[PDB]
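Quick setup: one chain, the form deposited in one PDB entry, written in structure tokens, and binding and motion questions come after.
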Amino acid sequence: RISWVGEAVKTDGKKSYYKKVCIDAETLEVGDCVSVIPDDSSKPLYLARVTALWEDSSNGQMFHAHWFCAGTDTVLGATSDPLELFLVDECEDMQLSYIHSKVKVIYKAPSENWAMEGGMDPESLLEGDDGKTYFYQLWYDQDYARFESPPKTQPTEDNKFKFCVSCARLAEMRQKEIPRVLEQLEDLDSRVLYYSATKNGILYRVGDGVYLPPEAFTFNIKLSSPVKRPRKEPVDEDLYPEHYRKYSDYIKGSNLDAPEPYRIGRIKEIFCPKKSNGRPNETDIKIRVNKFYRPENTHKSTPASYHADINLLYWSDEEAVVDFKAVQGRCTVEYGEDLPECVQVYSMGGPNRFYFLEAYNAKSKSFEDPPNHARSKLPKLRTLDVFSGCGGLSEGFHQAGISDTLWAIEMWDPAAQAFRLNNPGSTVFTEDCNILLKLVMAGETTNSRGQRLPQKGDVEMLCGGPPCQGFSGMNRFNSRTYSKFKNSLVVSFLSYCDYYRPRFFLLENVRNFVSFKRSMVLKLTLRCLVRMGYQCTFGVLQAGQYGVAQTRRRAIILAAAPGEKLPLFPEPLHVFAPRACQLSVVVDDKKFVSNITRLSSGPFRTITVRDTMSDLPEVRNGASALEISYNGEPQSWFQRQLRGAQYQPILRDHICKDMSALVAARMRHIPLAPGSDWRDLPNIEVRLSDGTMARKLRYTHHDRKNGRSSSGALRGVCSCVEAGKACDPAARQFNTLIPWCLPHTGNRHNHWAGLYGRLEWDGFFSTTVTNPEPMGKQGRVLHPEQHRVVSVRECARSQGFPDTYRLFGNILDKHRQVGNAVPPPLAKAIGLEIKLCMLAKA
């Protein structure tokens, strides 16, 4: 009934391998594909390739199954082609009696003319099927939701008869993870020294720099205990009646909980303890390092970090011993006064680069000079940027060195003009992107302005951020909203990708793009890319982790053409508040993360509001001078980067909105202490700059939930604070310094935390918005000390724009251009991941 076809081919102990087996009326050979029924009969069939066939002396006839992954089991879910399978690194030994039948599974490889095969309508992208047998084209990573071209892992001549691609790749991954020593240096009395060791694919040698977690070692600086902020001191509750609403100790935009960046050391020794027989215990690798000081680790403490370069260190003679498994990565730490090039071009020429010029003596608290023993392109992609705005994403890609944006599409004219001023060689289209694509597909060569349209082969990279108006809710699709989606700018952008078939594709959006419409927007987007034959992935990034003093999470979809390497997401560069770094995504109860491994720390300290704008001159509410003096040199590393190399005599766009007299009076009475907002306003009369008056807020109803003040005063300002009573229109009070509407509805809006809120010098910006309004949702827009809202220039700094980047229009147009942009430091980090793929292409 089940019988081997022939004789054995290898007797490996208790296993007898065969090349062919006959089951009932069928014959199976290595390489065939088969189905297996699960224990749950309602579940669909399991499908696998047979990689080996053998008899076991105890268990009987066996085979090795290299499982396929059904499309529904991927992030695509039910949007998947019902007959599409995906390769995965999942396999197991199995008895032959579990085999149900033989199946045909074909490999649908992209053609050599794949770049010219695009042009299918949205219905075919969204809902079209291959309409054939079972097939696969892509390999799938279930943890990271990555679709990639199938691996080309070659067999041996030894294991060809039983070769399993999944087994080989799993073995490669396991060995790549375990730390190993390579080249033995010297045999000591108690340890064996080594010249080099490897971990996670990285080579470590004596003298190399290593990243370590902050807990790896301490410094010999006997720290002093900072004066911990006491409990909220009692205030005069009649002068500040709304101060009680600050019972939460949480401060928006505060950096009190951001982790320390990495400890940094230079490898002095790589060693293993010796067993009694003299052999080294190579399963327990240790390293000895010299401790490097960051400026803030010295006695000068945190203020030493204000002016210092973010990659400046101080050599020291202190030493520590840590486990090799604790090393978080490799870095370069060089003596500055021996570099072939200047420090700035060194620091900008590669990742993980640090430098030192002096040494630090903790006992002496002095800075001597270091001892003697401390010393030893690609053509850019032609890019089309859709929904470009003023050009933040293009600017970051340009800094990464990967792109020339030769075409841009921007329908809002002030942003289009801004893009032109910064990109004089680019062609900027103002038409609706559907119109342009229709013209190109009709065979047109120029638009109605005479501008040459991009044709197939011109576009090598496509990037953009499409709005999602009409389907940015969380509720499920219905027939109405699904119609709006297939006619949406998201789908139009995907049609550009299908038509032009660039080498690389990038879609950026608000974080909730991954959750819109029960994640169907994300799932359909990935479905379209797979249907085109693209490798693709998705993830969420926090802009503050790449060098801005701003919390801004963005959803990122990356795609790479067949023949390309699919980029990884960039590792965080700066530590940031952990509350703002929630990057995981749940799709259909399956949790997805990106390849990012820096979860607890990072190489550089967090960028603060101080780093962002401490150098800008004081200006008034309503400041309108477009060109002023800086009044001094840049003070921080961040300011030195954004001001640039060439001296800039003129500071542009340090202008602020002209708030009304009442609002200006409110801002003038928000205290400067961190976390101050409308709840710290005094309840007083104040004469305004226009002769009018601001009135005392009167408490006219009893709020049983909130109680009464210490002097017995009420805390409700309307009858609606009762259970069922409605807002009595006579209870509305006007022109009060404490705005009436905030105590009115504060009980159900978390007390309107942050409204009329001041930024904190040591903290970060909330998400930079298109129109700073102190009483809007993102109300924390007051300057840390000046009685005004943040200026256009300050908002640009919070986005990481260079001071030379030109904006266009009135002040509200400039705020909108800044607030809508992708921060260039985030775009640059993504661009450098793309550059790695350009250089590694086979």
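Numbering starts at 1 and follows the sequence shown. Here the rigid core means the biggest group of C-alpha atoms that line up within 1.5 Å when the two forms are laid on top of each other.
What follows is about the form deposited with a small molecule bound, which we do not show.
- Per the 4.5 Å heavy atom criterion, the small molecule in the deposited bound form is contacted by stretch 380 to 388, the sole one of 623 to 631, 398 to 406, 272 to 280, 380 to 388.
- Think of it this way: in the deposited bound form, the small molecule has a heavy atom of just one of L170, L182, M411, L185 within 4.5 Å, and the residue is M411.
- For the candidate set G265, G465, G754, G547, a heavy atom within 4.5 Å of the small molecule in the deposited bound form is found for exactly one residue, namely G465.
- Under a 4.5 angstroms non-hydrogen atom cutoff, the small molecule in the deposited bound form has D432 among its neighbouring residues.
- Although the partner is absent here, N820 lies within 4.5 Å of the small molecule in the deposited bound form, judged by heavy atoms.
- In the deposited bound form, none of the heavy atoms of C331 sits within 4.5 Å of a heavy atom of the small molecule.
- Shown alone here, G392 lies within 4.5 Å of the small molecule in the deposited bound form, counting heavy atoms only.
- For the residue set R205, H299, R518, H702, core-aligned C-alpha shifts between this form and the one not shown reach 2 angstroms or more at a single site, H702.
- Core-aligned CA deviation for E337 between this form and the one not shown: less than 2 Å.
- Relative to the superposed core, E183 shifts its CA atom by less than 2 Å between this form and the one not shown.
- Relative to the superposed rigid core, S719 undergoes a CA displacement of at least 2 Å between this form and the one not shown.
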